[PDB]
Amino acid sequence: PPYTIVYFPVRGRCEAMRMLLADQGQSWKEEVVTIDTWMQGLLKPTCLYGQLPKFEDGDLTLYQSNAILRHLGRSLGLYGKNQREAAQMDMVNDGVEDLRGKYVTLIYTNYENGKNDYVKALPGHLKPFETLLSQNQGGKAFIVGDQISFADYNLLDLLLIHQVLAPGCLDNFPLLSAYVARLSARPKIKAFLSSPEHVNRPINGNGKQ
């Protein structure tokens, strides 16, 4: 530490890391970049891949939101108790990222027309996570193993924004329903989710959700 998140004034690819840090009792600085500032063209060329988020953990500057999440899971002890669990958490997080990639394309490039067929196809994309939870202690604990991991924070965020897009999307997924309810109730997550910084922040940058 200290931690600084540098990003656009949206939840986007940073709300899962904000929830992880809040639930682990960490504080961080938030360096908000407005679109006017980004468009001045001074900051983007110093970003490794020309994009945000940029994260500073003391000495270390990282780019790539899932690398930042795996770094926080590794350094705060949220990456499993053994290699098998670590491998399974990576498989989960990559499946989360594939669906987030599709979600982002819908929102920014084809919201109005594409929303119907997206929501129609969504049960098939959610079913893998329901299967993983049933295989792990009948769905009563975390997505992998007995303890929370970086992958739980990213899956929770993904499911929370899908419930804003399609309010009944978890009605046929009892373990995912109960999981979202359970994790949202964790004292420091419930507190973060009711915070004005979280609440005032748009999910995406173009108004759609």
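Here the rigid core means the biggest group of C-alpha atoms that line up within 1.5 Å when the two forms are laid on top of each other. Residue numbers run from 1 along the displayed sequence.
Once the structures in 4 other deposited structures of this protein are superposed via the core, the pair 152 to 160 and 27 to 35 is resolved in favour of 27 to 35 as the more displaced stretch (C-alpha RMS). The stretch with the higher mean CA B factor, choosing between 182 to 190 and 10 to 18, is 182 to 190. When the two stretches 75 to 83 and 111 to 119 are set side by side, the higher mean Cα temperature factor goes to 111 to 119. Which of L69, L176, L156, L43 has the largest Cα B-factor in the deposited entry comes down to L43. Residue-level temperature factors show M39 in the highest third of its chain, judged at the C-alpha atom.
Per the PDB record, residue ranking by Cα B-factor puts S27 in the highest third of the chain. In the PDB entry, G101 places in the lowest third of its chain by CA B-factor. Among all modelled residues in its chain, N206 ranks in the highest third by Cα B-factor. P167: CA B factor lies in the highest third for its chain, per the PDB record.
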